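In this analysis, Cβ positions are derived from the backbone assuming ideal geometry, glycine residues included, and neighbour counts consider all displayed protein chains. Every number here is computed from the coordinates shown, using simple stated rules; none is lab data.
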Amino acid sequence: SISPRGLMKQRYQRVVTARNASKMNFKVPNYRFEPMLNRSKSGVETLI
Amino acid sequence: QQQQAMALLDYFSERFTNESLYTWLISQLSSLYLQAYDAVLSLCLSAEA
Amino acid sequence: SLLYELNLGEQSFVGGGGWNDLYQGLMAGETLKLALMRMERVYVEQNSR
């Protein structure tokens, strides 16, 4: 006597993508907005 | 044939470019990256203000 | 330069020993990048009128 073997089960897997966020504020710094923009963009690019 | 396979595994492991290298590199860069995130984020907050 | 220009007591970011042979100094510049970033932060922060 012989019997076949059942094919192994396969399934999808969920992936979470929810995200939280927090509010922030800070005091006025020494430097004008555009200098600050230049500085920040440089840093951001580096980080990326 | 078996012998060749096993030896090949060893030679591959002895490649200079190796798991260890990447591991080490990653650990360093990880620390740097996290610090950089904190740093630049503070400046960006200031920019919005 | 920064330290003299702002007389901010005694603080440091630059450090020796970044080179290594086993990793051929590969990550050094990245460490310098971060140190430079911290110095930049401090400058913007403290360069008040």
Inset, instruction - Please identify every one of the chymotrypsin sites (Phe, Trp or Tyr not before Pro) in chain B that sits in a loop by DSSP and has no more than 16 other beta carbons within 10 Å of its own beta carbon. - result: B:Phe16
Inset, instruction - Against the globular-protein guess of 2.2 N^0.38 Å, express the Cα radius of gyration of chain C as a ratio, rounded to two decimals. - result: 1.40
Legend entry - Cα-based shape type of the protein assembly as shown, given that a ≥ b ≥ c are square roots of the gyration tensor eigenvalues and the cut on a/c is 1.5: oblate
Legend entry - 222 nm mean residue ellipticity, helices alone, for chain A (DSSP H n ≥ 4; -39,500 (n - 2.57); rounded to 500): -10000 deg cm²/dmol
Inset, instruction - Assuming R0 = 35 Å, can you tell me the calculated FRET efficiency for the pair B:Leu21 and C:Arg49, based on Cβ-Cβ distance, to the nearest 0.05? - result: 0.10
Legend entry - Ranked A:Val15, C:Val14, criterion: other C-beta atoms within 10 Å, fewest first: A:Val15, C:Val14
Inset, instruction - Per DSSP H run of at least 4 residues, take -39500 (n - 2.57); add these up for chain C, divide by its residues and hand me the 222 nm value, nearest 500 deg cm²/dmol. - result: -15000 deg cm²/dmol
Legend entry - Debye, to nearest 20: dipole size of chain C, +1 on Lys, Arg Cβ, -1 on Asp, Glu Cβ: 160
Inset, instruction - List C:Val44, A:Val16 from most exposed to least, where exposure is judged by having the fewest other Cβ atoms within 10 Å. - result: A:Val16, C:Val44
Inset, instruction - Would you please classify the overall shape of chain B from the alpha carbon gyration tensor, given that a ≥ b ≥ c denote the square roots of the eigenvalues, rounded means a/c under 1.5, and beyond that prolate means a/b larger than b/c while oblate covers the rest? - result: prolate
Legend entry - √(5λ) per eigenvalue of the Cα gyration tensor, chain A, largest first, Å: 59, 16, 5
Legend entry - Student exercise, chain A dipole from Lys, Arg, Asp, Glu Cβ charges, in Debye to nearest 20: 300
